[PDB]
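Visitor: So here's data-v9.txt, just compact mmCIF, C-alpha atoms:
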# COMPACT_ATOMS: atom_id res chain seq x y z
CA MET A 1 0.00 0.00 0.00
CA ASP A 2 1.75 3.13 -1.29
CA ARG A 3 -1.08 5.44 -2.44
CA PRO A 4 -3.95 7.36 -0.80
CA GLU A 5 -6.24 4.86 -2.51
CA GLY A 6 -4.84 1.44 -1.67
CA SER A 7 -3.52 0.56 -5.11
CA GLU A 8 -4.96 -0.23 -8.52
CA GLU A 9 -7.63 -2.92 -8.72
CA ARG A 10 -8.03 -4.73 -12.03
CA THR A 11 -11.56 -4.82 -13.41
CA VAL A 12 -13.60 -7.30 -15.46
CA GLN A 13 -16.98 -6.30 -16.91
CA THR A 14 -19.72 -8.43 -18.46
CA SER A 15 -23.30 -7.32 -19.17
CA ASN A 16 -24.15 -5.07 -16.22
CA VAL A 17 -21.80 -6.73 -13.72
CA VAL A 18 -18.29 -5.61 -12.80
CA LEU A 19 -15.81 -7.85 -10.95
CA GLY A 20 -12.64 -6.56 -9.29
CA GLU A 21 -9.42 -8.53 -8.85
CA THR A 22 -6.06 -7.58 -7.34
CA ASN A 23 -3.72 -10.49 -8.03
CA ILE A 24 -2.42 -12.75 -10.81
CA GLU A 25 -4.72 -15.70 -11.53
CA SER A 26 -4.45 -19.45 -11.85
CA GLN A 27 -6.19 -20.60 -15.02
CA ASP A 28 -7.10 -23.73 -16.98
CA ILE A 29 -9.44 -24.98 -19.72
CA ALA A 30 -11.32 -28.30 -19.34
CA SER A 31 -11.05 -29.16 -23.04
CA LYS A 32 -10.14 -27.69 -26.41
CA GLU A 33 -12.24 -24.64 -27.27
CA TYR A 34 -14.35 -24.87 -30.41
CA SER A 35 -17.34 -23.58 -32.32
CA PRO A 36 -20.19 -26.14 -32.41
CA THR A 37 -21.53 -27.38 -35.74
CA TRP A 38 -23.60 -30.52 -35.04
CA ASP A 39 -26.06 -28.78 -32.71
CA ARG A 40 -27.82 -27.48 -35.81
CA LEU A 41 -28.63 -31.08 -36.75
CA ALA A 42 -30.53 -31.65 -33.51
CA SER A 43 -33.33 -29.09 -33.72
CA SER A 44 -35.07 -27.44 -36.66
CA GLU A 45 -36.41 -24.70 -34.37
CA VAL A 46 -34.23 -21.58 -34.33
CA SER A 47 -31.88 -21.47 -31.33
CA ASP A 48 -32.47 -18.35 -29.23
CA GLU A 49 -29.62 -16.56 -27.51
CA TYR A 50 -29.77 -14.10 -24.62
CA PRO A 51 -26.20 -12.80 -24.17
CA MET A 52 -27.05 -9.90 -21.83
CA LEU A 53 -28.72 -12.44 -19.54
CA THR A 54 -26.43 -15.46 -19.86
CA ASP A 55 -22.99 -13.87 -20.46
CA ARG A 56 -23.47 -12.26 -17.04
CA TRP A 57 -21.03 -13.19 -14.23
CA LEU A 58 -23.34 -14.50 -11.49
CA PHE A 59 -22.61 -15.23 -7.84
CA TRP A 60 -22.90 -18.86 -6.80
CA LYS A 61 -22.26 -20.24 -3.33
CA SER A 62 -20.20 -19.03 -0.45
CA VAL A 63 -18.62 -21.93 1.44
CA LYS A 64 -16.92 -21.46 4.80
CA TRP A 65 -13.89 -23.60 5.61
CA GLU A 66 -12.38 -23.57 9.09
CA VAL A 67 -9.08 -24.76 10.53
CA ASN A 68 -10.84 -27.53 12.48
CA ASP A 69 -12.51 -29.07 9.41
CA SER A 70 -9.69 -28.55 6.92
CA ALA A 71 -8.00 -31.86 6.19
CA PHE A 72 -6.23 -33.11 3.08
CA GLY A 73 -8.92 -33.90 0.52
CA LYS A 74 -11.76 -32.24 2.42
CA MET A 75 -14.50 -31.40 -0.08
CA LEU A 76 -15.67 -27.82 0.33
CA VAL A 77 -17.65 -28.26 -2.88
CA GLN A 78 -18.87 -31.34 -4.72
CA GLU A 79 -21.61 -30.30 -7.10
CA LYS A 80 -23.12 -31.43 -10.38
CA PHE A 81 -22.31 -28.73 -12.91
CA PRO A 82 -23.97 -26.69 -14.10
CA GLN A 83 -27.07 -28.28 -12.51
CA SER A 84 -26.39 -27.14 -8.95
CA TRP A 85 -25.70 -23.56 -10.07
CA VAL A 86 -28.69 -23.09 -12.38
CA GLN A 87 -30.93 -24.72 -9.75
CA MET A 88 -29.60 -22.74 -6.78
CA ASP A 89 -32.88 -20.88 -6.21
CA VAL A 90 -35.12 -23.30 -4.31
CA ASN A 91 -38.43 -23.01 -2.46
CA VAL A 92 -39.52 -24.14 1.01
CA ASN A 93 -39.39 -27.76 -0.17
CA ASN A 94 -35.95 -27.56 -1.85
CA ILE A 95 -37.58 -27.57 -5.29
CA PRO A 96 -35.63 -25.46 -7.83
CA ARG A 97 -37.17 -22.69 -9.97
CA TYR A 98 -35.81 -20.87 -13.03
CA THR A 99 -38.13 -17.89 -12.61
CA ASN A 100 -36.26 -15.34 -10.48
CA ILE A 101 -32.69 -15.28 -11.72
CA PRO A 102 -32.47 -13.40 -15.07
CA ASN A 103 -29.57 -15.63 -16.13
CA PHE A 104 -31.76 -18.70 -15.66
CA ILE A 105 -35.03 -17.28 -16.95
CA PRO A 106 -34.44 -18.79 -20.42
CA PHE A 107 -34.20 -22.27 -18.84
CA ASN A 108 -37.86 -22.11 -17.76
CA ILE A 109 -39.34 -21.77 -21.24
CA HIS A 110 -36.93 -23.98 -23.18
CA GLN A 111 -36.62 -27.76 -23.17
CA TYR A 112 -33.05 -28.12 -24.44
CA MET A 113 -30.00 -25.93 -23.81
CA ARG A 114 -26.25 -25.65 -24.44
CA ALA A 115 -23.36 -23.36 -23.43
CA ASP A 116 -19.69 -23.08 -22.45
CA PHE A 117 -18.96 -22.16 -18.85
CA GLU A 118 -16.42 -20.22 -16.80
CA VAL A 119 -15.98 -20.46 -13.03
CA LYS A 120 -14.19 -17.98 -10.78
CA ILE A 121 -13.16 -18.78 -7.20
CA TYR A 122 -12.62 -15.86 -4.82
CA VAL A 123 -10.87 -16.13 -1.45
CA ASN A 124 -9.91 -13.03 0.54
CA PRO A 125 -7.45 -14.07 3.29
CA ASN A 126 -5.28 -11.81 5.41
CA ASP A 127 -1.51 -11.57 5.22
CA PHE A 128 -0.80 -14.13 7.94
CA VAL A 129 -2.37 -17.47 7.03
CA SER A 130 -1.30 -20.39 4.84
CA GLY A 131 -3.16 -23.02 2.86
CA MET B 1 -50.73 -35.85 -57.73
CA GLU B 2 -52.89 -36.92 -54.80
CA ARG B 3 -50.56 -39.43 -53.12
CA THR B 4 -48.11 -36.61 -52.36
CA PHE B 5 -50.63 -33.75 -52.40
CA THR B 6 -49.96 -31.21 -49.62
CA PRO B 7 -52.31 -28.18 -49.76
CA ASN B 8 -52.34 -25.16 -47.40
CA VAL B 9 -48.99 -25.88 -45.74
CA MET B 10 -48.49 -24.47 -42.26
CA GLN B 11 -44.87 -24.76 -41.17
CA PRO B 12 -43.77 -23.06 -37.90
CA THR B 13 -40.02 -23.68 -38.28
CA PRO B 14 -37.51 -24.05 -41.11
CA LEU B 15 -36.45 -27.53 -42.24
CA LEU B 16 -33.86 -29.61 -40.40
CA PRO B 17 -30.34 -29.42 -41.90
CA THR B 18 -29.28 -32.57 -43.76
CA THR B 19 -26.84 -35.33 -42.83
CA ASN B 20 -26.90 -36.86 -46.33
CA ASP B 21 -28.88 -39.89 -45.17
CA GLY B 22 -26.49 -40.55 -42.29
CA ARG B 23 -23.25 -39.93 -44.16
CA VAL B 24 -22.32 -36.97 -41.95
CA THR B 25 -22.66 -38.70 -38.57
CA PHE B 26 -22.02 -42.31 -39.57
CA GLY B 27 -19.72 -43.09 -42.48
CA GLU B 28 -22.40 -44.34 -44.84
CA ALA B 29 -25.64 -43.39 -46.56
CA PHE B 30 -29.11 -44.90 -46.20
CA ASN B 31 -31.36 -43.68 -48.99
CA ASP B 32 -32.47 -46.72 -50.96
CA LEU B 33 -34.36 -49.87 -49.92
CA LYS B 34 -32.58 -51.69 -52.75
CA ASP B 35 -29.35 -51.46 -50.74
CA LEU B 36 -30.92 -53.15 -47.73
CA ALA B 37 -32.40 -55.86 -49.96
CA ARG B 38 -28.81 -56.66 -50.94
CA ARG B 39 -27.97 -57.57 -47.35
CA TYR B 40 -28.54 -61.32 -47.00
CA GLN B 41 -31.33 -62.78 -44.90
CA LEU B 42 -32.65 -66.25 -44.10
CA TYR B 43 -34.76 -67.71 -46.90
CA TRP B 44 -35.34 -71.22 -45.58
CA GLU B 45 -33.70 -73.54 -43.07
CA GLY B 46 -34.39 -77.12 -42.08
CA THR B 47 -32.95 -80.35 -40.75
CA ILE B 48 -32.97 -83.49 -42.88
CA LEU B 49 -32.66 -87.03 -41.54
CA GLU B 50 -32.20 -90.32 -43.41
CA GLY B 51 -35.90 -90.96 -42.80
CA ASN B 52 -36.86 -87.92 -44.89
CA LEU B 53 -35.04 -89.25 -47.94
CA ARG B 54 -35.81 -92.16 -50.25
Show the structure stored in the file as structure tokens.
Guide:
Amino acid sequence: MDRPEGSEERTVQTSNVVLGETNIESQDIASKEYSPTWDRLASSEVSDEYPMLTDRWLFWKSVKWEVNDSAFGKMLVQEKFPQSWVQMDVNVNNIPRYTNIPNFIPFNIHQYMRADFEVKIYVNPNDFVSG
Amino acid sequence: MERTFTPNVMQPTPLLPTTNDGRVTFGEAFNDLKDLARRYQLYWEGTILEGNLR
């Protein structure tokens, strides 16, 4: 910290959401990136796209891990993807609904769907821990 | 011609893109019944004993 403001925070914008980061990332890609061609052979109905809704960085879970429950191989998250994320808005009976989250609103009126995904993991520790 | 007569067509979506009768997804085409009729099938089969002969 050497400025009146703390220092410069990098910014990443998508749709109407802006994420701030301050450090150098760790990155990877599950498989080779590509543009699909055989999806057009599956449905004669025109495939709708809602980029301002879907290309939006959305907040998922927060999971709290403590020193007393942190062992080698401890699973902070084990979730079916993207099922668990798209179905994260449940009712009193733990039944999911696609009706409230704008990113998921197209899932309610369509039977079949496809997309590529990106997942960010944010941890904000102090200067004096290790893990 | 009545057998293929299709009046007052009402089509909500465009047609489905072709695969050339399966040639795009599988390595071969399937467009003619004549080709299938050239794949052998059982015509007749039986067992014959000495008692069935002269």
Visitor: Any idea what the distance is between CA of residue 92 in chain A and CA of residue 108 in chain A?
Guide: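 One can read the CA of residue 92 in chain A to CA of residue 108 in chain A distance as 19.0 Å.
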Visitor: Which centre and which edge lengths, in Å to one decimal, describe the axis-aligned box that holds all listed atoms of range 21-27 of chain B after 3 Å is added on each side, as AutoDock Vina command-line options?
Guide:
--center_x -24.3 --center_y -40.0 --center_z -41.9 --size_x 15.2 --size_y 12.1 --size_z 12.6
Visitor: For range 24-29 of chain B, find every residue with an atom within 10 Å (counting all atoms listed in the file), except residues of its own chain fewer than 5 positions away, and show them as a list in words.
Guide: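 Skipping anything fewer than 5 positions along the chain leaves residues 38 and 41 of chain A; 18, 19 and 35 of chain B.
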Visitor: Create the file for the chosen residues now, containing C-alpha atoms and written as a PDB file, in the frame of the given file.
Guide:
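Printed below is result38.pdb as written:
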ATOM      1  CA  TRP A  38     -23.600 -30.520 -35.040  1.00  0.00           C
ATOM      2  CA  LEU A  41     -28.630 -31.080 -36.750  1.00  0.00           C
TER       3      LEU A  41
ATOM      4  CA  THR B  18     -29.280 -32.570 -43.760  1.00  0.00           C
ATOM      5  CA  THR B  19     -26.840 -35.330 -42.830  1.00  0.00           C
ATOM      6  CA  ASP B  35     -29.350 -51.460 -50.740  1.00  0.00           C
TER       7      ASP B  35
END
Visitor: Counting all atoms listed in the file, which residue out of B:49, B:16, B:33, B:42 sits closest to chain A?
Guide: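 With all atoms listed in the file as the atom set, the closest residue is B:16.
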Visitor: Once you count all atoms listed in the file, which residues of chain A turn out to be within 9 Å of chain B? Could you give them as a PyMOL selection string?
Guide: chain A and resi 38+40-46
Visitor: Starting from the point (-14.8, -18.8, 5.5), work out which residues of protein, DNA or RNA have an atom no more than 12 Å away when counting all atoms listed in the file; state them as a PyMOL selection string.
Guide: chain A and resi 61-70+76+122-126
Visitor: Could you check how far CA of residue 121 in chain A sits from CA of residue 58 in chain A, in Å to one decimal?
Guide: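 It comes out at 11.8 Å.
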Visitor: Between CA of residue 14 in chain A and CA of residue 56 in chain A, what is the spacing in Å?
Guide: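 Computed distance, CA of residue 56 in chain A to CA of residue 14 in chain A, equals 5.5 Å.
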Visitor: Compare A:35, A:130, A:84, A:94 by their minimum atom-to-atom distance to residue 116 in chain A, counting only C-alpha atoms, and give me the closest one.
Guide: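 For residue 116 in chain A, the nearest of the given residues is A:35.
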